[PDB]
Amino acid sequence: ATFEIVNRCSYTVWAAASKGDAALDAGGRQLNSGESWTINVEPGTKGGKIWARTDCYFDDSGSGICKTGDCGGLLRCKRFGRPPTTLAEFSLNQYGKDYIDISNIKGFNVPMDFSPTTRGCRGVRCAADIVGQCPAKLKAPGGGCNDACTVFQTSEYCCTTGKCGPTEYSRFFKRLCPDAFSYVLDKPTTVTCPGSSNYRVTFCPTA
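### So, the UniProt feature "disulfide bond" in the protein chain
And then number 1: With a threshold of 2.5 Å on the sulfur distance, the UniProt-listed cystine of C71 and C77 is realised in this model at 2.0 Å.
And then number 2: A sulfur gap of 2.0 Å between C134 and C145 means the disulfide that UniProt records is present in these coordinates. Of this pair, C134 sits in the loop between α1 (130–133) and α2 (148–152) while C145 sits in the loop between α1 and α2; the two residues are 11 residues apart in sequence, bridging distant segments of the chain. Take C134 and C145: they sit in the same class, and that class is buried.

### Looking at unusual backbone geometry
And then number 1: Between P83 and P84 the backbone carries a cis peptide bond, its omega angle lying at 5°.
And then number 2: Residue position: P84 is located in the loop between β6 (64–68) and β7 (87–94).
And then number 3: One non-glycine residue, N93, lies in positive phi territory at about 60°.
And then number 4: Residue placement: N93 occurs in strand β7.

### Notes on the state of the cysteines
And then number 1: Enumeration over the complete set of coordinates arrives at 8 disulfides.
And then number 2: Here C71 is linked by a disulfide to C77, with a sulfur-sulfur distance of 2.0 Å. Across the S-S bond of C71 and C77 the torsion is about -85°, and the bridge reads as left-handed.
And then number 3: Overall, the relative accessible area of 4% leaves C71 in the buried class.
And then number 4: Across a sulfur-sulfur distance of 2.0 Å, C149 and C158 are joined as a disulfide pair. For the disulfide bridge between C149 and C158, the dihedral angle about the S-S bond is near 100°, and by the sign convention the bridge is right-handed.
And then number 5: The class for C158 is partly exposed, based on a relative accessible area of 21%.

### Thoughts on the packing of aromatic side chains
Centre distance and the angle of the planes are the two values used to describe a pair of aromatic rings.
And then number 1: Within the structure shown, the criterion is met by 10 aromatic pairs.
And then number 2: Seen from their ring centres, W51 and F80 are 6.4 Å apart, and the 70° between their planes marks the pair as edge-to-face. Placement of the pair is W51 in strand β5 (residues 48–58) and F80 in the loop between β6 and β7, with a sequence separation of 29 residues.
And then number 3: Judged by relative accessible area, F80 falls into the partly exposed class, the value being 35%.
And then number 4: Aromatic side chains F152 and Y157 sit 5.7 Å apart centroid to centroid with 45° between the ring planes, which places their arrangement in the tilted category.

Quick notes on the rules
- Residues numbered from 1 in each chain as written, not as in the entry; some residues may be left out.
- Heavy atoms only, no water.
- Disulfide = S-S within 2.5 Å.
- UniProt positions renumbered as here; feature names shortened; annotations may be inferred.
- Helix = DSSP H or I, 4+ residues; strand = E, 2+ residues; numbered from the N terminus.
- Buried < 20%, exposed > 50% of the residue type's maximum accessible area, 1.4 Å probe, protein only.
- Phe/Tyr/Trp six-rings, centres within 6.5 Å; stacked < 30°, edge-to-face > 60°.

Laid out in structure tokens, this is it:
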């Protein structure tokens, strides 16, 4: 499947794509404002994620640091990124269907639209000003708005036992972005698409 990743933000982002134990395509790339990066994701990939990283420095070997979404200090991510990260999540070709969502379970850094470019399903978006409205206790100094599990490390926020409810903090994310997951047991906002669809991920879609 093809994913076209577009940075419509006025600032540079470093896109990342991983399935947790491996990079997807090249795994990461700088995207200046307006730039597009097209990647190919192998059919049947389960648990893939795409995210943006902000305020990065990398040397000529591809090693450095980002203030949001850092994946072990590499430009080309093989692992997932450090919160806060708005997440585009997908599993492809699962008994003939693709499944996509946006998640704020690991916080929010950059607004996002995640839409199919082929027919048969709808897209999802989280584009509100979550960082500007972020509760003081969740604000991340490097930028972004952390989830409550990352900050407080309780069984209720992290849903450790598989039983948890919504919280004041999850409701904050859900109010601003109803179509993204706000906690582990949120009513699913997953979209079902035809198997082998193609997609666009747009950072700052309203910019």
